[PDB]
4 protein chains.
Amino acid sequence: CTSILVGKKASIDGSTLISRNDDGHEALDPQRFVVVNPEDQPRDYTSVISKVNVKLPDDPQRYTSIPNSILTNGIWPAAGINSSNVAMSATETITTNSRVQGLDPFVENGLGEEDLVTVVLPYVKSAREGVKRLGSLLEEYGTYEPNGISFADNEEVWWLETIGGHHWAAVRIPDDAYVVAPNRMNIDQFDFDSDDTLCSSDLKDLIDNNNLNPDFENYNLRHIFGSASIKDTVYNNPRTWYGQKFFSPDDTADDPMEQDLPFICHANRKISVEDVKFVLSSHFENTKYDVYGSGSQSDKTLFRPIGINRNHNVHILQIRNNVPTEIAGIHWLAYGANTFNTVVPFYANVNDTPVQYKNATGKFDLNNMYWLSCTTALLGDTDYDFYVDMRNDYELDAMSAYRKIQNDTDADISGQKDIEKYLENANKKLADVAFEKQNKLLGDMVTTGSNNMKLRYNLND
Amino acid sequence: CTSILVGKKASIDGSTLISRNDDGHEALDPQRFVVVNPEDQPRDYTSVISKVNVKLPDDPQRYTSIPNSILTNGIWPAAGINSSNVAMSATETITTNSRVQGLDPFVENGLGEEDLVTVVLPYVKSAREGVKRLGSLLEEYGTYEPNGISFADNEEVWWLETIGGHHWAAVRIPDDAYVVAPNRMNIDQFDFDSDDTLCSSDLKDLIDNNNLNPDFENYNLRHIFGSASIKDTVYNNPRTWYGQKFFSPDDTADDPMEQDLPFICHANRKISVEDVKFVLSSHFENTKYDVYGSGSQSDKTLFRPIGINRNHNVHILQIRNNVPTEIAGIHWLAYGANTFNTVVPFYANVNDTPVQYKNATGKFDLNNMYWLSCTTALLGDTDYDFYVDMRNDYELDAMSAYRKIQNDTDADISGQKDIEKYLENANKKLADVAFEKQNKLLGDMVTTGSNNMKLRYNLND
Amino acid sequence: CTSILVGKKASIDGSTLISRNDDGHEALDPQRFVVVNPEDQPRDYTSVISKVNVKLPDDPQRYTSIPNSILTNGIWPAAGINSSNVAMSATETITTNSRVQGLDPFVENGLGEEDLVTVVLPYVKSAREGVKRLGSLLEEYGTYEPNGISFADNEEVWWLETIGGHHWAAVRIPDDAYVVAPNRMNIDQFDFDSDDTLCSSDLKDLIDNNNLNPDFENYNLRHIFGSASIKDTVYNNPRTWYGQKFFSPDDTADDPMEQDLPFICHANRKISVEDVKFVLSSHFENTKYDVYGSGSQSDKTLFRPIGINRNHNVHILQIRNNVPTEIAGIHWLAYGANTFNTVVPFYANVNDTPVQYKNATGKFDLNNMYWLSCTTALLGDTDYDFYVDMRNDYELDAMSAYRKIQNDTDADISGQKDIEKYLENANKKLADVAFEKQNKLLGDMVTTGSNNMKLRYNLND
Amino acid sequence: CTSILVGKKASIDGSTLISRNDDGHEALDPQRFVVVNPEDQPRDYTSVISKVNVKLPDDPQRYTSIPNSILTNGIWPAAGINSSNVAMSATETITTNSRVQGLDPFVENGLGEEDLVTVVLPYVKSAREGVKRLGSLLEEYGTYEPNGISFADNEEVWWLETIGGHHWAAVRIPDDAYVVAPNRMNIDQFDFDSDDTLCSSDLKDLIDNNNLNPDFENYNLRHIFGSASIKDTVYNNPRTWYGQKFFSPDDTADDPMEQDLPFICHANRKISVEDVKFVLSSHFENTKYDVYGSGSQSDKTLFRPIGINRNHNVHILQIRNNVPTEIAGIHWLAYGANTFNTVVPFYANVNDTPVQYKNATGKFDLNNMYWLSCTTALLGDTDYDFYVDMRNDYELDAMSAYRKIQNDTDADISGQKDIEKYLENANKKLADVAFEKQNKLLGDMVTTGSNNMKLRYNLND
C-alpha cells in the first residue's frame, strides 16, 4: 500500500484528504463499494482470520466502505466516511523490529486490517476520537499485524501506527503539511509533551526501561520501533522519495534509497485531488527506475512502484469545507491498477451505491467497473507507450466530466427535501459516465491495438 | 505546432515578428497561399466542424491567408496580414485542466482553429483590437478547443490563450522580449491590472471564488488553468528549452524537461528572420535528443522536435518599421517539413498570389511548391547526414536571392503608380526563384543519392 | 583550409609566421613549387574560372608560389614570398550570411582564390600595402568567394576577410599574439578608428544604415557578416578550439563547439615552426574526436580534422629578423596529408626551385615529392597506430637534418658573391635530404607493414 | 627504462638510492652480475657499436656491473658500485628536439649506453666527480644517444642528461626529495649558478644565442632541449604520474598525460626499498590503464607500463649511512619482468658474485636466475589474477628472508678479518635463498596452473 495525507491548509480547496492504494497479495481480488446502514452493522463482531470477538456499541453510524466481494478471509472494508463526516483508512502495512517484538509480541487472536474500519469508524465523531478508540481496541484486544491507519474530519488529519501486539502512537498532521507513506514505519521525531501527539500511556517507559532507543538524544519512533533495512531501500523509501520530489522538489535530494526522509513535509504549492491520484498512480516516471521507461532491465525492476498490478482499489477520502455538511464528505474511488483508471468523486451521504461499483462478484463481468478497469490496465501494460496518449486524454476528459457533475450538484443542494435521494442520483450520473468513459477507452485501445498486433500482415497500398 | 514571437526592440531590424509552424495530424495536407479580397469574404459564416454560425460585419479588410486545399474540414486559414498591417496566427493548441473544464466546459458548437483568422483578422486595425475582438467572440460563441493565438502590428505583439469554453487572457510581449511557445499553456505570472494584460472581466473572480489557485502567493495562469504533466516534459518543454538555449544561453539551464521555464524572455542579441526559421526547423541539433544525431534509439525519439514531418506550412509574419506602410507587411512562407525548405518574404500588400504557392490541389504535382517541398524533405529524411551539406548551401543561396529581390524592390517603391501590381511582380520573382532553387536542390539530392543507392554494384575502376 | 598566424614577439625566434593548409575538394591534386621571375609574370591577366581580366603593373617582383600542376582551373598559386620579403597566403574559404549577400552579392566575373596571389603579391613592398592593394582590387573587380587572406613582412602580420562581392576588413595581429583560423569568418570585435585596422571606407555605414548589427553594443564583424551555424560547430570551431587548447591551455575551455572563441590569442609560451606544423597536422589527438583514436564511430567522425587527406600543400611563410635580409624569407613547404610529411625550410631568395618539388605532373611518379608524400600518408592511414612510431622518428630525424643545413647555410652567408646560387644549392641539399628521408620512411613502412599483411600464414619457429 | 632516485633524507633509513629498470628492445636478453676487478679493466677501450676508442687511466677501481651475456653489441654493464662506494646507472634513454640537434648533432663514433659505466665509474671517488668525468668525456668523444644517467655516494644523488652530441646538464637531487623518470627529458627549472647544478660551460650561451628558449621567463631545460609530444602522453608521462601519485598523492592531480609534472618531488613519507621496487614493478594497478585489470581493451593497452616483459634487469643501488663503509654499498638486483621477481640485497664489497646470478649464457638454463625469473613472469602473465596471490606471498616471504640475512650479516661485521670472503658468503646465502624461493614459486604456479589447464576434463566426484 501507499498512503498520502493532506492537511486542510495544504489542499487547493481547504479540504482534508486521506488516501491509500489498497494493494493485496494477488493481482486481482474483486472489490465492492458499499454503504453499511446502521441496521446491518454487527453488534457482536467476530473476525474470520483471527476469530477475535468484539462487542460493539448499539448506536453505529452509517458509513461508506470497500468490502471484498469474496468473503473467504472476512470483510476487509478498507476505508470509508461516516455520517459525522469522519474518514478512516486502514491499513498501511508497516514494519517493526525484533527488540520491540521480543517485549510485546503479536497477538494471534487480535485485531487486523480485516477488521479495523468496521470496529472503529461507525462509533466516532472526530478524527481524534477515531485515534483514541483504535488505540483502546489495540490495548484491549491486541493485534497480529504492524499497521498504519489514517483518520480525518473537516479540521484534522491523524496518522496512527501500531507497535507490537498492543502499543501504538499517533500524530496530528499539521494543517499546512502532507505525508507520503509506504510499507515502512513512518513516524519520526516524536514529542511526548505535544498536544498534537497521542500514544500508549506506557510507551515512553517501554522505551526508556528496556534500552530500546538507539539515539543519543530525543525520540524517533521509527528508529526505535521500526526498520531501516536493505529491503526498505528498494521497497519503501523510493516511493516516499518520488512523492516528496513531486511535492517538495527543492527540499528533496536525489537519493531514492534515503532512510531518513522526513515524515511530515511541506509542499511548494497547494495539493489537488488530481495531484494525489498522480502520485498514487506513479511508476517513477522520468527516472531510470520506471518499468515502462528507458532504463536497464535491472534498474527498471529495482524499485516497487506506487501504481501497481495489485492496486485493488484506490480511495481518496475528502472532507470539504467549502460546502454545507450534507455534501462535505466525498469518497473518491477507483479499481484496478491505477495506470488506466480515474477516481470518481462519490458523495458519501447516501444510503446505497451505484450498480457498476457495488456489484462485483467472483465471476468475470465487464459490465462491472472492477473487472473492466483491471482489463484496461492489463492491456495498457502490454505496450504502455502505445496506449499512454489515449490514457492521458481519457483522464482529462473523465475528470472534467466528474467535476462538472459535482459542480452542478453542489450548486443546487439548497432546498433539496430528500438529500440522500438527490445525491444517489448524482452518484448514479457519476458512475454512469465513469463506466461509459472507461469502456470507450478500452474500446479505443482494442481498436488501435488490434491494428498493431504481432499476428498481422498488411499490404501497404 | 510551435510559435515564436519577437517584439520590435528585440528584432534585428526593428520589425515585429509572429510565427508558427502549422502542424497537423497527418504528415501531408496540401496548403495554398491565398489573398481573400473583401468581395470573397463571407458575411454569414458557418463552420464545418462545429456548425457555429457567425454573422460578420459588411466591411472586411483584404488579408493574406494559408487555407487548406482540401476543404473537407473547413477553410483552416492559419495566419495572415490584413490591409491595416495587422498580423494574426491561429492557433497553437495548448493545454487545460479538469478543474477549470468542470466550471466552463468546451462548447460543442463553438469556434475553433478552423475559424479564428477568418472571423477576426478582417475586422481589426490593431493587434490589441484583434485580442479584444477574439475575446468577445469567445464570450459570444464559445470554443471547443484550448488555443493560443498571436497578434501583431508595427508597434505591439500580443499572445492570447483561451481558457475553458468562454474565458481568455492575453499578454503584451515587451518590446525587447521574445517568446517560444509549444503545445502547452504558456502565460505564467499575471497582473490583472497591468497595461500589458487583457482578460475575461470575471477571470480573477473565477479563480478566487472556486479555489482554482494552487499557489500560496500571486497568480500564474498556466499553474491555475494549464498543465504540468509528464507528457509536457517530452512533448512541450524541450521545444521551449531548445529555443531559449539558442536565444538566451546564459539564462537557461540544462534540463529540457523543466516545467517552469519563463514565458517572456530576453535574448543576448537581436533576432533575425533567419534565427526564427532556424529554431522553427530544429530537431535538438547537437544534443542526444536529435533524431538525426548520435544518441541512443530511446533518447533520439524521446522528444517531439520542432521541425517535423507534419509541418504543413511555416509562416513568419513581419510588420516592418524601416519602410513605407505599403511595403511594411511581409508574409514569410514555406511548406512541408522545415528541414528542407526556405521561407520566402512575400509582400502582403497584393491582390493575388504566385501560382506555385497558390494552386496546390489534392493531386500530386511537383510543379507546386507544397508537393515539391514535401518530396524534398522526405528524401532528405532517408539520409540526413548525406544530404545536409546540399541543404545548407541551398538555404544560404536561396535566402540571399530573396533578400536581394526584397532590397531591390524596397529601394524602388517611391513613385510606383500601381503598388499592388509592382509587388505582385516582386512576389512572382520571389516564387519563381524559390521554385527554381527548390527544384535544383531536389535534383542535386536525386543525382548524388542515386549514386549511393542500396541497389548498386560498381566496378571500382 | 586551416590557417595559423604568429606575430613577431610571439615566435620563438622573433620571426613573423603566416601559414595555411591548402585543402582542396578532391583528395589528390598535384602541386608544384615555382619561382615566378618578372619576365614570366603576366601584364594582361585573365582568369580561367571567372574570365576576369586584370591589367597588371609592368614592374612585378620575383616571388615564390605553389601552382597546380594541372591548369584546367587556372594557376592557383596559393602562397609565396616576394623579393621585398613580403609573404601572402590566399585563401582560407570563410563564411558569410544572407543579410549581407542580399546587399552586396558575389560578382560572377570577379576575382577568386585562383587569382589572388598572382595579382597582389608581386606589386607590394609591405604587408599593409598588400592589404590595401587587395582591398582596392575587390572594389574594382569584385569577388565570387568568401575568403580570408594573410599578409606578413618582418614587422607586421595582417588578416583580411572579404565580405560580399566588394567589401572587406583587415586586422593587424598584435606582435605578441597568434591566430588559428578555420573555414569560418574570424574577425570579431572591431575598432574602426584603430591604426591596427583597415576596411572598406563605407563599411560602418553599410552596417549602421541597413540594420546588419545583431549586437546591442559595439561591432563584432563575424557576428555581423559571418556565420554561427550548426555546421560551424563541427566543421570549424573544433579546429580553432584544438589549436587554442594547445597554445593557450589555461585560457581555453573544454567545448570544441564554442561559437565565440577569440580571434586574437596569447599563448603561454613562444611559438616554433614545429608547433605550427603540429597543429596543422592534427586530428584531435587525445580526445574522443580523433579518427585514429579510441572513440565511438560517431565521435571519431563528428569533426573535420586539421591534418586531412586533402591537404594538397602546407606552407609556413616565415620572415626572419635574426639574419641578413637576403636569407630572411623562408618558404616552408610540404605536400599531401600532413600526418606523414615534414615541412622543409626553403630559402625564398632564389630564382628556381628544387626538381623533386617543382616537377609534379598528372602522371603518377614516386620520384616526385608530391606523389611520394601522398602515397606515404595513405599507407599510414591504413594502420596509424602501427606506423606512428616510424612516423615520429622520421619527423625528428628529418627536421634535425633540415635545421643543420639551415644553420650551416646561415653561418656562411657573409661574403657570398652569388647569393641566389648559394641559396639554390642549399635548397637542393634540403630537397635531396627530404626526399631521401621520405623515401626511407615509406620503405620502412612497407617492409614492416608487409610482415603484418592479412594475406599471411607464418610458422612460429 | 624507468628510474627512481631518492635523497638521503628522503629514504626510510638515511641511505641514498638510485635505481633503474634496464629495459631492452627484445623481451629476453640474458644478464650477468659481475665484479670487474682492476686487472680485468681495459686501458685501451674500443666499443662495438660506434667503434669509439678511449684511452683509460691505469688505476681503475673495482666495481660491480650487470653486463650482457651475449656480447654481440658490446658489454652493456648498465650499473654498479665502485670501491669508493660511488654508484652509477647508465642509461635512461630520454628525448631531444630538432632545434638543438640542428646545432649539435649526434656523433656517430661517439659514446653510448654500451660504454658509459665502463669508462666513468672505475675512475671517480664521488657522485660529483662522476658527473664531471662524464661531462668531460661527452665533450671529448661525443655521443650518439639522448641519455639520462644517475650517480650517488653516501651524501649526494645526481641526475645528468645529455643534450645533442656534446652538451649536458646535471642536477643534484635535494636530500629530502625523490625523482621518477621515464624515457623523456626530465630536468625542468634550472639555475646555472647553483652548487646543486653542473653543465656544459657554454650551455646558457647555446640557449640564449640561438633562440632555443620557448619560455617568456627563466630556463626550463626540458622545455628548451626536450620534448612534450603526443607520444610522451602515453609512453612517458603516465609512468611519472603513477609514481608521483604513489609517493605524493595529495600533491598530484589526476591527469596521467600531464606534460609538466615536476622533476623534483617531496613524498608524504620516507621511502623504502620495497616502495621503490613496487613502483618499478607497476602496471597502473587500480586504474583502467592496468593491462591485467578491468578496463577496456583500448584503455588497458594505451600506456606503457613500468613493470614490463622486457625488464632485463632491475637494480637499486643503495649507499647506506647506518653502517660502516665496508658494508655501505648494496647492489640490489633482479632479472626478468618485475611482476614475478624480488630484488636481492647483494653486498657490493666483494671480488666475485654468486653463480646463479653470474653465469647466464645464451643457452636456456633454469638453474640460472635470469632464465628462471623470465619463465616465472611469462607464466604469471598468462593468468595474472590466478597467480597473483602466490606472487604476493612469495614477495613477503623472500624479502623477509633477505632482510634477516642482511641484518645478521650487518650485526656481525666487526672484526671480520677477510671482508670479501665474509660478504661473498653472505651473498651466496642470499642468492641460494632467492633461487630456492623463486623455484618454489614457479613450482606452486605450475602445480596450481596445471589444475586449471584448458586441456582438462574432470569427473567432479
Side-chain angles (χ1 to χ4, degrees), chain C residues 6 9-15 17 176 178 243 245-252 266-279 286 392 395-396 399-400 403, chain D residues 92-104 146-148 159-164 167-171 173 179-194 196-200 202-233 235-237 239-241 244 253 255 257-265:
Chain C
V6 183
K9 286 178 185 192
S11 59
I12 196 169
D13 61 353
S15 68
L17 304 168
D176 63 349
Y178 73 92
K245 204 65 157 166
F246 178 70
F247 288 124
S248 306
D250 293 328
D251 294 334
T252 308
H266 299 88
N268 66 1
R269 64 200 186 274
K270 300 176 181 180
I271 296 172
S272 70
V273 166
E274 286 84 1
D275 292 336
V276 172
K277 177 57 166 57
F278 168 74
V279 177
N286 288 340
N392 292 339
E395 285 182 310
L396 172 60
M399 290 300 316
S400 296
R403 290 226 176 260
Chain D
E92 174 78 40
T93 300
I94 55 172
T95 53
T96 186
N97 64 60
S98 50
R99 289 167 301 282
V100 61
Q101 289 293 322
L103 291 166
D104 182 16
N147 285 313
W159 184 251
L160 180 151
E161 291 181 326
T162 76
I163 298 163
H167 291 83
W168 59 276
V171 173
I173 285 49
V179 164
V180 179
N183 295 111
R184 178 181 174 227
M185 184 169 182
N186 298 281
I187 294 170
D188 42 19
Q189 293 79 19
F190 193 80
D191 185 354
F192 293 95
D193 280 333
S194 174
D196 293 332
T197 67
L198 289 166
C199 62
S200 305
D202 68 325
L203 200 67
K204 187 174 184 299
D205 288 339
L206 182 72
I207 301 167
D208 292 345
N209 295 342
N210 296 284
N211 293 317
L212 298 183
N213 199 338
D215 289 304
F216 303 126
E217 292 183 330
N218 300 313
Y219 298 82
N220 176 320
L221 292 199
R222 73 202 211 191
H223 284 188
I224 296 166
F225 294 121
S227 65
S229 68
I230 295 301
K231 196 69 186 191
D232 284 330
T233 66
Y235 196 77
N236 290 316
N237 303 345
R239 296 188 270 158
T240 309
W241 171 81
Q244 293 182 4
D255 182 9
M257 294 191 160
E258 174 61 55
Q259 299 274 23
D260 290 298
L261 295 168
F263 171 53
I264 303 302
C265 298

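So that the names make sense, note that chain A is the first sequence line, chain B the second, and so on, each numbered from 1.
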Asks: If every non-hydrogen atom of D:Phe190 is compared with every non-hydrogen atom of D:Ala169, which pair is closest and at what distance?
Replies: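 Shortest heavy-atom contact: CZ-CB, 4.0 Å.
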Asks: Are any non-hydrogen side-chain atoms of D:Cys265 and D:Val179 less than 4.5 angstrom apart?
Replies: no
Asks: How long is the straight-line distance from OG of C:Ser400 back to CG of D:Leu103, given to the nearest 0.5 Å?
Replies: 10.0 Å
Asks: Is the shortest side-chain heavy-atom distance between D:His167 and D:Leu203 below 4.5 Å?
Replies: yes
Asks: Nearest 0.5 angstrom please: D:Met257 CE to C:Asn286 CG, how far?
Replies: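 Separation between the atoms: 4.0 Å.
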Asks: Is a donor on one side and an acceptor on the other found under 3.5 Å between the side chain of D:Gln244 and the backbone of D:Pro262?
Replies: yes
Asks: Indicate the ring-plane relationship of D:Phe192 and D:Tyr219, choosing parallel, tilted or perpendicular according to the 30° and 60° boundaries.
Replies: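 Ring orientation of D:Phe192 relative to D:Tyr219: perpendicular.
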Asks: Less than 4.5 Å apart, side chain to side chain, heavy atoms only: is that true for D:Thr96 and D:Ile94?
Replies: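 No - every pair of side-chain heavy atoms lies 4.5 Å or more apart.
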Asks: Do you know which two heavy atoms are closest between C:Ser248 and C:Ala267, and how far apart they sit?
Replies: OG-CA, 3.6 Å
Asks: Quick one, C:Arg403 and D:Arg99 - any side-chain contact, counting heavy atoms below 4.5 Å?
Replies: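 In short, these two side chains touch, coming nearer than 4.5 Å.
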Asks: Nearest 0.5 Å, what's the CD1-CG distance between D:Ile163 and D:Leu212?
Replies: 10.5 Å
Asks: I would like to know whether D:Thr95 and D:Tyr235 meet side-chain contact (heavy atoms from CB on, under 4.5 Å); could you show each step before the answer?
Replies: CA-CA 12 Å; D:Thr95 53; D:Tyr235 196 77; over 6 Å; no
Asks: Do D:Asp196 and D:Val171 have side chains that approach each other closer than 4.5 Å (heavy atoms only, starting at C-beta)?
Replies: no
Asks: Taking only residues at least two apart or on different chains, which pairs with a member in residues 204-218 of chain D satisfy salt bridge (charged side-chain N to carboxylate O under 4.0 Å, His left out)?
Replies: D:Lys204-D:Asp208
Asks: When you measure from the side chain of D:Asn97 to the backbone N and O of D:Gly226, does any donor-acceptor pair fall under 3.5 Å?
Replies: yes
Asks: If we ignore hydrogens and angles and just use 3.5 Å, is the side chain of D:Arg222 paired with the main-chain N or O of D:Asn186 as donor and acceptor?
Replies: yes
Asks: Report yes if some heavy atom in the side chain of C:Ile271 is under 4.5 Å from a heavy atom in the side chain of C:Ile12; otherwise report no.
Replies: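 Contact flag for C:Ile271/C:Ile12 side chains = no.
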Asks: Between atom CG of D:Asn147 and atom CG of D:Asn183, what is the distance when rounded to the nearest 0.5 Å?
Replies: 10.0 Å
Asks: Which atom names give the shortest non-hydrogen contact between D:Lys231 and C:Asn392, and what distance separates them?
Replies: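 Scanning both residues, the minimum pair turns out to be CB-ND2, 4.0 Å.
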Asks: Could you give the distance from SG (D:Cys199) to CD1 (D:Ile207), rounded to the nearest 0.5 Å?
Replies: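 Those atoms lie 8.0 Å apart.
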Asks: If I take atom CG from residue D:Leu221 and atom CD from residue D:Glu161, how far apart are they, to the nearest 0.5 angstrom?
Replies: 8.0 Å
Asks: Within 45° of the six-membered ring axis of C:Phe246 and under 6.0 Å from that ring's centre, is NZ or CZ of C:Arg269 located there?
Replies: yes
Asks: Counting only N and O atoms by type, is there a donor-acceptor contact under 3.5 Å from the side chain of D:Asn236 to the main-chain atoms of D:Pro182?
Replies: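 Not confirmed, D:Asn236 side chain does not pair with D:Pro182 backbone.
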Asks: Donor-acceptor pair, distance only, cut-off 3.5 Å: does the side chain of D:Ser98 make one with the backbone of C:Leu396?
Replies: no
Asks: Can you list the residues that meet the salt bridge (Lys or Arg N to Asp or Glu O under 4.0 Å) rule with C:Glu395, with sequence neighbours excluded?
Replies: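 With neighbours one apart ignored, the set is C:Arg391.
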Asks: With a 3.5 Å distance limit and no angle check, can you tell me whether D:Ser200 reaches the backbone of D:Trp168 through a side-chain donor-acceptor pair?
Replies: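 A pair under 3.5 Å: yes.
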Asks: Is there a donor in the side chain of D:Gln259 and an acceptor in the side chain of D:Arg184, or the other way round, less than 3.5 Å apart?
Replies: yes
Asks: May I ask you to check whether D:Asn237 and D:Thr240 show a side-chain donor-acceptor distance below 3.5 Å?
Replies: no
Asks: Do C:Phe247 and C:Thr252 come close enough that some side-chain heavy atom pair is under 4.5 Å?
Replies: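 No; the side chains remain at least 4.5 Å from each other.
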Asks: Can you confirm whether D:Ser229 sits close enough to C:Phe278 that some side-chain heavy atom of one is under 4.5 Å from a side-chain heavy atom of the other?
Replies: no
